[PDB]
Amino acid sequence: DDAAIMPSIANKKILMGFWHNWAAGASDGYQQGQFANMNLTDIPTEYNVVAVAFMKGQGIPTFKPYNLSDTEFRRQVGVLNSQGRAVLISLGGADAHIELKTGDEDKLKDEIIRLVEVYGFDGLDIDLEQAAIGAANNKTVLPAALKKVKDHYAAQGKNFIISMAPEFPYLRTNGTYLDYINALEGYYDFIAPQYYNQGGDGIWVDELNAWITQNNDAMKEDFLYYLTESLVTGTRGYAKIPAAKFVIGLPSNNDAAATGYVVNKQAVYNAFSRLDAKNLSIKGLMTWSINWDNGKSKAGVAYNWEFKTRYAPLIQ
């Protein structure tokens, strides 16, 4: 039963991407482009962590493939798992109506385990929208349910992966989101903050006497390096996340996010080598999204896996 395997992502860097569980409209992109619809088995093998978007819903959130039978979806997850590639279910996204109630910890654990058994998922990504981070009892019920799920699979010899994809400004000192990170200390495998869609947010870098915003293309390398350094050291107004458990999240192209797209690939290569030189090597890259990475612009130009082609060599 290949889908039953939970691939290990230890001892290597990852190239993680999100896969959309809904059909493309005519112009969903931030520049009116269109994303590609595809099977999981159409995803380039270089994407070794695929996060399925999204588990959502009032009461106990859930997930069902929008266009594949459960059997066929599990078969495809099994193909990826046979290749050593992990497939996570991502809880959240826009308009998810996630409002967990105290007392629903075991019901949420049971539904996560059901999704693993039905679809072959290897873990869960937390991608809550801003309205959900402090909603209802999400703060306590979600970490409690996940610890139970992790413990359940660890008893079977399996590592159920837990990841989080916070907007980067969620991670400043005294941030309400830090409660999730602290509650899951020793349970989460990595945190992949979104270095996009917050164009006006920035950091003051004394080393350059410069204010660098997330929408500054001229200084993109320094934005990637210094926001990462701040996050993995707990400086410049940010709380600390261990570098070995840290992943930089980027838009695959300008249709995938309003701002944040890295125009010059060398900015990423250099940010990584600079972190490596300071013994701050990180876990890899995440992108929104795989469907966008093979989509097309408004003018019909194919993105043709630009993100995967630019950065897979860095990861492997």
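Start at 1 with the first residue shown and count on from there.
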Identify the stretch, either 243-251 or 271-279, whose C-alpha atoms have the larger mean B-factor according to the entry.
271-279
If you average the CA temperature factors over each stretch, which comes out higher, 150-158 or 164-172?
150-158
Which of these has the highest Cα B-factor in the record: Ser90, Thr102, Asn81, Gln194?
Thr102
Where does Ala302 sit by CA temperature factor within its chain: lowest, middle or highest third?
highest
Lowest, middle or highest third: where is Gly284 by C-alpha B factor in its chain?
lowest
How does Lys109 rank on Cα B-factor within its chain, lowest, middle or highest third?
middle
Divide the modelled residues of the chain into thirds by Cα B-factor and specify which third, lowest, middle or highest, holds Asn209.
highest
Which third, lowest, middle or highest, does the CA B-factor of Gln198 fall in along this chain?
middle
